[PDB]
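By my numbering, the letter at position 13 of the sequence shown is numbered 82, and the numbering carries on one by one without gaps. Quick reminder that beta carbons are idealized off the backbone N, C-alpha and C, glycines included. Some notes on the structure that comes next.
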Amino acid sequence: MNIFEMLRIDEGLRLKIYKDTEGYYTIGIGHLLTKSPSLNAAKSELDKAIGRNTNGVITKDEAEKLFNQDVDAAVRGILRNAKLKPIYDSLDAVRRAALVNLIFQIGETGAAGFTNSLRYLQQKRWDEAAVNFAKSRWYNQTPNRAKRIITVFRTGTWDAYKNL
Ligand SMILES: [Cl-]
Ligand SMILES: [Cl-]
Ligand SMILES: [K+]
């Protein structure tokens with residue numbers, strides 16, 4: 070288990086544009102294209118991203134390329150965010166992966182509302198952090214995925230992703 074295998078499980082792989090859990094145009098391994106309701110707008114974003122006129126369809130290799138860029142950028146942004154970097158640095162590698170996964174899904178701005186939960190993680194109050202993370206729109210909207218991420222933050226093990 071590692072961050073890529075973890076996010077590959079949570080996001081799946083689709084080589085044609087599709088709508089994510091929020092209704093937004095996405096492709097590949099959870100690569101958000103745009104929040105716009107315009108398919109054409111999403112297709113333009115895809116072409117920009119891949120570097121060619123794709124028509125809404127990409128290769129597995131291309132999907133993987135954007136995926137690598139997304140995870141890298143996610144970690145990197147965590148490191149530049151003063152509200153997140155200290156949390157990240159305080160955790161072990163397993164929990165760190167859980168935090169990258171959360172940000173990949175909700176974005177830094179999304180995480181702005183997780184100050185309390187993040188603080189419990191920094192305090193290493195695992196159970197409390199877990200309880201706190203569940204009290205969120207994120208949890209309510211994607212509970213199965215959230216449960217997984219929360220168990221990871223709670224135990225520091227990949228048990229929730231085994232058998233997946
Ligand atoms: Cl991109
Ligand atoms: Cl879910
Ligand atoms: K997805």
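How about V126 and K85: are their beta carbons less than 8 Å apart?
-> Residue 126 sits at position 57 when you count from the first residue of the sequence shown. Residue 85 sits at position 16 when you count from the first residue of the sequence shown. Taking 8 Å as the Cβ cut-off, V126 and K85 qualify as a contacting pair.
Taking the continuous alpha helix (DSSP H) assigned at residue 65, which residues delimit it?
-> Past the edges of the chain, shown from 70 to 233, lies residue 65, and the structure says nothing about it.
Flag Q174 as yes when its Cβ comes closer than 7 Å to any non-hydrogen atom of ligand 1, and as no otherwise.
-> Here residue 174 refers to the residue found at position 105 when the sequence shown is read from its first residue. Flag unset: Cβ of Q174 not near ligand 1.
Is DSSP giving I96 helix, strand or coil here?
-> To locate residue 96, count along the sequence shown from 1; it is residue 27. DSSP places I96 in strand when its eight states are reduced to three.
Which of the three DSSP states, helix, strand or coil, is assigned to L101?
-> Looking up residue 101 in the sequence shown gives position 32. In this structure, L101 counts as strand in the three-state DSSP scheme.
Beta-carbon proximity list for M70, same chain, < 7 Å, skipping 5 on both sides | The residue given as residue 70 occupies position 1 in the sequence shown. Correct list, in chain order: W227, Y230.
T224 versus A199, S113, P155, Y189, residue with shortest Cα-Cα distance | For this step, residue 224 is matched to residue 155 along the sequence shown. Ranking the options by Cα distance to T224, first place goes to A199.
With ligand 2 as the reference, list in chain order each residue whose Cβ lies under 6 Å from any of its heavy atoms.
-> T211, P212, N213, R214
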